[PDB]
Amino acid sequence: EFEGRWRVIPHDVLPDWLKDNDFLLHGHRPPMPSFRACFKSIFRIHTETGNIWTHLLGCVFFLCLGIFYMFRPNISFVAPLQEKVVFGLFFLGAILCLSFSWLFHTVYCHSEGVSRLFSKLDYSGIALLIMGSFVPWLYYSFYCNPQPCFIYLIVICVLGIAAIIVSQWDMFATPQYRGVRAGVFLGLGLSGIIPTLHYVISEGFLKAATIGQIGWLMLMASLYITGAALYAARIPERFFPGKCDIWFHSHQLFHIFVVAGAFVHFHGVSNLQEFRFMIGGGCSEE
């Protein structure tokens, strides 16, 4: 087609607002202020092809997984209406963050104004996924201790809202602060160490291991840490500049660690609801 013809450009001729990683040298999209050209670039080979397809395939995966969860029979749930709500809040954060991300990566090359707008949606999305992750996971760990459950959901929301407001800062999006963005969102997720230690103290090592929690969360902690470490230090494109332009650069694998980490997270809290269904809502444990 003869409409909106464009070629990939090297990194040195890019405008300022499009230089986010100088280790990717060739294969960038040039600035094109047409959404039509941006959305058809999804089927073109460039630096953002993997970044969009990873979180667009992941967005429909958790969308369909989220609707199957709503139509599962209430036969298997101790409180089907509010159990499907806490899970839906996790699915709400998961879908919004993956949709904000692939949309941002698609319209990244449109203009400076559109780029800054969808970048703030991109950063706010990951906070929503972190807060949404905490809701079904807390409502089960503190099932019989309601007041620790309700303070810990207040502070993760005051932290996630603060993380969303700090993402409205413009120097947040600069490449000089890529280590600052790494620690802010990583400290958001690793803030759960305080509710986890509270849970182990009151329930015990055996309880935490029998129910399977300490195994699934150190998987979560590893995916959290490894994903943030690759992003902040730009491995492997830091080692091979100019050979990871299209496939397997840091941002691409970080996207994969988010889809896998959110699915691993769903697997853990879904186990916590099958374990609750077997012992019921009654509570005389002490």
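Note that residue numbering begins at 1 and tracks the sequence as displayed.
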Exercise. So which stretch wins on mean C-alpha B-factor, 215-223 or 24-32?
Worked result: 215-223
For this session: Output the stretch having the higher mean C-alpha B factor in the entry; the candidates are 68-76 and 86-94.
Result: 68-76
Problem set entry | Residue with maximal Cα B-factor (values as given in the PDB entry) among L129, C109, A208, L188 | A208
Seminar exercise, completed: For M278, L18, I9, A262, the deposited C-alpha B-factor is largest at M278
Exercise. Lowest, middle or highest third of the chain for the C-alpha temperature factor of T196?
Worked result: middle
Problem set entry | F62 by Cα B-factor - lowest, middle or highest third of the modelled chain | highest
Exercise. How does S101 rank on Cα B-factor within its chain, lowest, middle or highest third?
Worked result: lowest
Exercise. Once the chain's modelled residues are ordered by C-alpha B factor and cut into thirds, is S133 in the lowest, middle or highest one?
Worked result: middle
Exercise. What third of its chain's C-alpha B-factors does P148 belong to: lowest, middle or highest?
Worked result: highest
